[PDB]
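Tertiary structure, described
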Amino acid sequence: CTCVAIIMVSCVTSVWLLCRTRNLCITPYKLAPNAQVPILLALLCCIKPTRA
Amino acid sequence: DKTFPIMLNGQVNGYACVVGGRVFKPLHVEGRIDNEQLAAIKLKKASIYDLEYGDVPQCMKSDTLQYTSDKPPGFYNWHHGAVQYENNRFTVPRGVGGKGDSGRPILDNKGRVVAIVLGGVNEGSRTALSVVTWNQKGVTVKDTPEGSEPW
Amino acid sequence: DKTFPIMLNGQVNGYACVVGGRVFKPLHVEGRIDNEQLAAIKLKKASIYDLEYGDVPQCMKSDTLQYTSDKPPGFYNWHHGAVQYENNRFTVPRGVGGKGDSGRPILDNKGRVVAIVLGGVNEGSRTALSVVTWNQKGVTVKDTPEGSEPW
Amino acid sequence: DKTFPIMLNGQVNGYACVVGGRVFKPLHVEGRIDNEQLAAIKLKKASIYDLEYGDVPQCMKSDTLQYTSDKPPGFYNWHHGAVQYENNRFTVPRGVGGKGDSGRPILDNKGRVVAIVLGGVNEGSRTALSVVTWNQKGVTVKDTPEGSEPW
Amino acid sequence: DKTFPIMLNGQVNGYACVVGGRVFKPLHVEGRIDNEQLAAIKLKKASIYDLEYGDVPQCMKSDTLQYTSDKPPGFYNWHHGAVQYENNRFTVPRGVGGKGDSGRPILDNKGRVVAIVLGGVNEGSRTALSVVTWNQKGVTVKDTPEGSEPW
């Protein structure tokens, strides 16, 4: 019971670290839709595809 | 230009600007926009880059166009006067730089918005404005001089 | 006249008309009546007769009066033109009858309302109107052409 | 003077005058102040004088000075007439003093507020009106005549 | 008249007036005096009455004669305007009430100082001054309004 609490706490901590990186993946580029996006920062590190 | 202000207890303490597709609002001010269409928008909080939501429908999009790259340091338009600096903001005289003047856009000679003011009340005889802009490739940056109180 | 429209998300999508004693609003549209006097009145459901409670205050009652039977074919004025028929409304030419025209009363030459437009956006060569009507002896009915899309 | 009237279901029901030190609003009448600056005043109940707590900010206070006691029996300018008495109230021409228009201040020739009306609808050919007043040394005393009626 | 600004780091930040019998200087400001013969004045702290020691010799005595009690509410010779009330200070308009001009006296029509200002930066629409007065027989009184920042 102590073991399964450690895995549950560490899973929701790393995935909130990754979600904060996910939110900062797109925030410098949503304010300017006219700016081009690199192909490295679209699929490998971040998730978003080319749109519009 | 179309710039709806922000009302709180009868007085005006901020301004909300509209660019192509998206609606801007400073985080430092609290209140409701006078446009009832803009009140139903789900504006979300974010970091210093001031990300909000442009959830407006199709009938009034692209009010003005945001200024692209290749920025010269010459003349630029402003609501209370003129600014003439690219890396920084110009030392505008007094009158402008009081309280509740946040969110006012800075336009170009073709009517293209370049920057949005956020601070820099007064820094002596020379007043510097803390604005957001795009540095080289359209990536939104935030430039803040020293001693820039929220204005 | 006295016809306060309904606004949802800051956009006019329907019109609510007041007849003697009771207010009539189409229930296939959504929103809120902009009058603060009208918004304090409860709403009760019905059929597509589109009934709303007539709990109006004393200072405003008997604004527009309805028209009974013995209705001629005649010529009846309309807010975007004219309609000249008795059994149905006149099939008005195209362009007239866009979106947001529901709930508009059709009046006589003496100001007597004889119909309230609900549906019938497109009806082939000319657009017929799906209105509510008072019959040959004072009972409200509803007339619909086939293939009438609602507003 | 700048006295904001009360609003109830559109029509007026009374006048809430503003005197320096404490704003005056009759609790005999009902409604809400439509002004946004006076809507933030906390509604505190009081004694039989029908008084509202004066939580007005001090900058827009004392714009209307109030007359002290020991008044002369001379002329006083009512909003729709003139009153000439000291202890009792002089007769007003008939017709004025209906319903839902009380709370209007009785001023002097110097513009100072002398008295705040609360009653006096119809009291025969000689129109007497129930009022609050300052008796001899500044004591706020309500005087109501025989057979008084609320306004 | 005869007033001395206080020299602190090159800019003016306060005014040190002189009354017949005893000189004055605001305690909340600091710096150096602008007179060679006032450099021997013993600086001391005191209570909220703003009490200094006027040990100047007879060579520059009897500059500004003081005024007694029973001050009329008429006109007064303020340096940037006028004051027309006795128990409270007159509501001076905007513009006046900046910063760093404490200790400025208020003159009478007979060339007599009646008061010394201390503070009241800004209150909003009007401005109230925290000033010293004499109540009934010559006893020194410090009078302050609510929310008076030193000025």
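Residues numbered from 1 in each chain as written, not as in the entry; some residues may be left out. Chains lettered and ligands numbered in written order. Part of a larger assembly, values for the part shown. Heavy atoms only, no water.

Counting residues at the interface gives 9 residues for chain A and 11 residues for chain B. In total, about 1000 Å² of surface goes out of reach between chain A and chain B, with carbon and sulfur atoms giving 63% of it. Taken together, chain A and chain B are joined by 0 salt bridges. Taken together, the connections running from chain A to chain B amount to 1 residue pair in polar contact. (Contact = heavy atoms within 4.5 Å. Buried area = accessible area lost by both parts, 1.4 Å probe. Salt bridge = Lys/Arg side-chain N within 4 Å of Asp/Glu carboxyl O. Polar contact = N/O pair within 3.5 Å; in protein donor to acceptor, adjacent residues only side chain to side chain.)

Residues and elements named next belong to chain C. Counted by the stated rule, this structure contains 6 salt bridges over all chains. Across the pair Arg32 and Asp34 runs a salt bridge, and its minimum N-O distance is 3.4 Å. Taking relative accessible area as the criterion, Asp34 reaches 38% and is therefore assigned partly exposed. (Buried < 20%, exposed > 50% of the residue type's maximum accessible area, 1.4 Å probe, protein only.)

Right, let's get into the UniProt feature "active site" in chain B. Residue and element names in this part refer to chain B. Feature annotation in UniProt assigns "active site" to the following positions: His28, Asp50 and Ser102. Maximum C-alpha separation among the annotated residues is 12.8 Å over a sequence range of 75 residues, consistent with a single clustered spot. Here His28 lies in the loop between β2 (11–17) and β3 (32–33). For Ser102, the contacting residues outside a window of four places in its chain are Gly14, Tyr15, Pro26, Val117, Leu118 and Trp151. (UniProt positions renumbered as here; feature names shortened; annotations may be inferred. Helix = DSSP H or I, 4+ residues; strand = E, 2+ residues; numbered from the N terminus.)

Bringing empty space enclosed by the protein into the picture now. All names here are of chain B. Tallying each qualifying case throughout the model produces 13 cavities of 30 Å³ or more. Here the largest cavity defines a volume of roughly 140 Å³. Contributing to the lining of the largest cavity are 13 residues, with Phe24, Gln66, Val114, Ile116 and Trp134 lying nearest its centre. Looking at the lining of the largest cavity, the elements that each hand over two or more residues are β7 (113–119) and β8 (130–134). For the lining of the largest cavity, the element with the most residues is β7, which contributes 4 residues. For the lining of the largest cavity, the class distribution of residues is 10 nonpolar, 3 polar and no charged. (1 Å grid on protein atoms, 1.4 Å probe; cavity = no way out; pocket = protein on both sides within 12 Å on 5 of 7 lines; lining within 4 Å. Points joined across faces, edges and corners; volume = space filled by probe spheres on them. Nonpolar A, V, L, I, M, F, W, Y, C, P; charged D, E, K, R; others polar.)

The subject of this paragraph is the state of the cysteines. Evaluated as defined, the whole model comprises 1 disulfide over all chains. A sulfur-sulfur distance of 2.0 Å marks the disulfide that ties A:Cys25 to A:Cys46. Taking the torsion about the sulfur-sulfur bond, which here is approximately -75 degrees, the covalent link between A:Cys25 and A:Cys46 counts as left-handed. Of the two residues, A:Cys25 sits in helix α1 (residues 2–30) while A:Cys46 sits in the segment after α2 (40–43), which places them 21 residues apart along the sequence. Under the relative-accessibility criterion, A:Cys25 is labelled buried at 12%. In this structure D:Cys17 is not part of a disulfide, and its nearest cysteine sulfur, from D:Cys59, lies 20 Å away. A residue is classified by how much of its surface remains accessible, and D:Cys17, at 2% relative accessible area, is buried. (Disulfide = S-S within 2.5 Å.)

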